[PDB]
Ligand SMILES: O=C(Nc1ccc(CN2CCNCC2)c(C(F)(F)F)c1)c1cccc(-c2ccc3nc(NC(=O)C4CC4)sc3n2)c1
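First, one chain by itself in structure tokens, the form solved without the ligand.
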């Protein structure tokens, strides 16, 4: 609780069109999914995220993480509400949405250049580096959770699952399957799992493809690593065509980082410091 604003529930209900759960593109306030709503408070646009006792301690858990973790490449928590029998968290609004939607060019946005993509990748790595340095594991690293501010600065978001480290195991396996390391899928909690997930992200950046596509072969993006290793295909075959500034050398350099991140065995993966350095040298 490092000087966050305490909101009453009615204030946030007011500014969100009464928590209008319809997508924004269809006239509502939902920008994603608790559920996350767009709101206008005090000349500012904000992001409002809306067992009883156990939801309360997760609510308290995230505030704890957000109090301790402040960084240019992390979404900043602005405040909260806990009086309308319905818990809310209020964050800095990121106008350019998620990396996922920018890679897909959702709603007709311009394809991201290779230069911008490298900057976002570096930003994301810097954000993850801060978390690991400060002994946190994100647990849900993915392109939908890399948000983009006014200047397309990468902002790591959705810390609802984040855990402090001192490898432990959990009974409640959480995360996004198409991004999850094998050990994470088996209930292990380790920062090495974040690295693996970041490798999938790097693949999405290179290819512009989503991590999963039920009508695609392979359905999982991470499987393209094996197709390339068993030289059936090249990374060149998979490079996003919606760029004109992607030189072979840096693309191959990024793929090399991605491939190392995606080692099936957690101990053979680079840590975030090495990932940071490698993305620097690519540039």
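Residue numbers count along the first chain shown, from 1.
Unshown form deposited with the ligand bound; subsequent notes refer to it.
Site accessibility, blocked: after C-alpha superposition of the site, the ligand as positioned in the bound PDB entry shows three or more atoms within 2.4 Å of the backbone or C-beta atoms of the displayed chain. In the bound PDB entry, the ligand stays beyond 4.5 Å of every heavy atom belonging to residue 117. Among heavy atoms of residue 225, none comes within 4.5 Å of the ligand in the bound PDB entry. Remark: residue 125 does not count among the residues lining the ligand in the bound PDB entry, judged by a heavy atom distance of 4.5 Å or less.
Contact annotation: residue 137 falls within 4.5 Å of the ligand in the bound PDB entry, judged by heavy atom distances. Residue heavy atoms within 4.5 Å of the ligand in the bound PDB entry occur in exactly one stretch of 180 to 188, 208 to 216, 86 to 94, 195 to 203, and that stretch is 86 to 94. Highlighted residues 243, 254 and 278: none comes within 4.5 Å of the ligand in the bound PDB entry, counting any heavy atom. The listed set 221, 31, 235, 41 contains one residue whose heavy atoms approach the ligand in the bound PDB entry to within 4.5 Å, identified as 31. Interface residues of 8 to 40, taken as those with a heavy atom within 4.5 Å of the ligand in the bound PDB entry (partner not displayed): 24, 31, 36, in sequence order.
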